[PDB]
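# Show me how the following folds:
(2 chains, ligands or ions: 1)
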Protein chains: 2
Amino acid sequence: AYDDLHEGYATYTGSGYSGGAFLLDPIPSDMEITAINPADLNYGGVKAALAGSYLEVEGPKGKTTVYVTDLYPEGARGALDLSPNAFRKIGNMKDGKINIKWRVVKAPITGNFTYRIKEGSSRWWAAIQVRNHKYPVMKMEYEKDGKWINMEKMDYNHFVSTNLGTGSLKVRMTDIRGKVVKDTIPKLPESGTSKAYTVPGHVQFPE
Amino acid sequence: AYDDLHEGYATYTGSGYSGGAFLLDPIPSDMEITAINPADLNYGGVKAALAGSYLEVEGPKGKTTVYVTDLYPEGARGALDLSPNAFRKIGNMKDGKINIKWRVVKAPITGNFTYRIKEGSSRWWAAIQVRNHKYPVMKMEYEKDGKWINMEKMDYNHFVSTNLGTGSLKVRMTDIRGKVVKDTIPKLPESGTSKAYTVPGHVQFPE
Ligand SMILES: OC[C@H]1O[C@@H](S[C@H]2[C@H](O)[C@@H](O)[C@H](O[C@H]3[C@H](O)[C@@H](O)[C@H](S[C@H]4[C@H](O)[C@@H](O)[C@H](O[C@H]5[C@H](O)[C@@H](O)[C@H](S)O[C@@H]5CO)O[C@@H]4CO)O[C@@H]3CO)O[C@@H]2CO)[C@H](O)[C@@H](O)[C@@H]1O
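Numbers count the residues shown, from 1 in each chain, chains lettered A, B, ... in the order given. Take a look:
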């Protein structure tokens, strides 16, 4: 629609395949990825607003799409830190830094959300990650007896809250376009889970 | 207190031995105990200020001493809910309600404090309870590399803080008389402790 490009500089790097901030591991080594500067990451006042998104990136030599897996701490506004397999498609690596133009695009994925329930989660406190989302997840709310509680998004790309209640958790998710989709996670453990675990989801953002 | 005085009324209950609000379990069955009204409980605006304290209660037929283990939710100022073994000593069991006078007194205990580390406590969040204190515990601080941090006392008789750091924990406790002692508590887990545990203390409030 109204869908502005973002101008900035790209560098390249080899981290982000493992141990990146957004806790999105494992990353296939053939995957084209990127680290994003803090200002653009936390769009809308949401920590990790753009975590797990995909960007289309024009360099002086071509255009390419990258999965956003990590924070680029020392990056200026507009700055991306690309994997070299991605970088090489849009610029010469002889130059260390290239002019780029990027925007958020729809993820080249299929199927539904997958939920990751962080280690330490319970009815008392929980951090919930959304994976496999066609668009940036701006918001996640759960219903506790009648009303909708907003969950804060963290730097580690999980939505977080307390006293969530017993019983299965009905949730809703909003994307960067304002689209909202509803789902249901199975009831949380009474005592904090020693291991993080996976819940296959039943919904996806609209095309 | 060395001196103190409340006027109120007492009834009696069979609860507070297991599952009380102050989480002081286990409670020996033959121990004289009481539940406490919210107003006196939260003395000086500290939630559960008088939890785990001891009171001398005077009834129409004698005096006796009790351990405070539970909240008396429907209590007016000065109202107490005694265990029968305590009630039996200062009143007639044929009454459902008696006139009483009471005061916070020195604990008929020996030895130092012990600490309870609540399940789910870690470097990031801890709930720490003091047991075996001769007087009410009004304040608990810990030292976080520079200066002292105040821990919120909770309705459930643990002091709570966050981002406490790694290593062993330098604490100072303050009683209702204004008296301050200092102790150290072992290292806090990197991730949330699966079960609650007790650690021995090495300090005690002045007689
Ligand atoms: O912060 C950056 C860092 O974070 C970590 S993950 C870590 C979080 O940081 C931390 O904030 C969080 O702390 C939780 C804690 O895990 C949770 O277990 C407790 S729940 C507690 C509850 O507050 C309390 O109401 C309750 O008391 C009950 C009692 O159980 C009962 O007996 C009676 S019937 O009623 C009482 C009162 O209602 O007891 C429960 C449990 O003891 O709360 C805090 C905060 O909400 O936990 C996270 C991990 O464990 C992350 O890994 C890093 O990447 C980040 O950099």
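# which residues touch the longest strand along chain A?
Under DSSP state E, the strand in chain A containing the largest number of residues is strand A:62-71. Here strand A:62-71 makes contact (CB atoms under 8 Å, 6 or more residues apart in numbering or on different chains) with A:15-17, A:20-22, A:24, A:27, A:31-36, A:38, A:41, A:50-57, A:80-83, A:86, A:89-90, A:105, A:108, A:155. Placement of C-beta: from N, CA and C, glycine included.
# which residues are there in chain A that come within reach of the ligand?
With CB under 6 Å from any ligand atom as the criterion, chain A meets the ligand at residues A:120, A:122, A:124, A:125, A:156, A:162, A:192.
# Reformat those as TSV; add secondary structure, neighbour count and distance to residue B:173.
Putting the residues of chain A next to the ligand into TSV (DSSP: H, G, I helix; E, B strand; the rest coil; neighbours: other CB atoms under 10 Å in any protein chain shown; distance: CB to CB, whole Å) gives the following:
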residue	secondary structure	neighbour count	distance to residue B:173
A:120	coil	21	28
A:122	coil	18	29
A:124	coil	17	26
A:125	strand	18	27
A:156	coil	16	34
A:162	strand	11	27
A:192	coil	22	27
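# Determine which two of these are furthest apart.
Greatest spatial distance among the residues of chain A next to the ligand (CB to CB): A:124 and A:156, at 18.5 Å.
# Please name the nearest non-neighbouring residue to residue A:128.
Excluding its sequence neighbours, the residue lying closest to residue A:128 (CB to CB, 6 or more residues apart in numbering or on different chains) is residue A:159, at 4.9 Å.
# one step back: out of the contacts of strand A:62-71, which are inside helices?
A:38, A:41, A:86 (DSSP state H).
# The longest strand of chain A pairs with which strands, and in what direction?
The strands beside strand A:62-71 in its sheet (DSSP bridges) come out as strand A:33-36 (parallel), strand A:54-59 (antiparallel).
# what does the domain assignment say about chain A?
A:1-107, A:108-201 (curated CATH domains).
# and whatever residue of chain A ends up closest to chain B, what is it in contact with?
Proximity of chain A to chain B (CB to the nearest CB) peaks at residue A:120, 4.7 Å away. Residues near residue A:120 by CB under 8 Å, 6+ apart: A:127, A:192, A:193, B:120, B:122, B:191, B:192.
# What lies in contact with stretch A:147-156?
In contact with stretch A:147-156 (CB under 8 Å, 6+ apart) are residues A:21-23, A:46-49, A:71, A:127-128, A:137, A:139-143, A:159-161, A:164, A:172.
# Nothing else from me, thank you.
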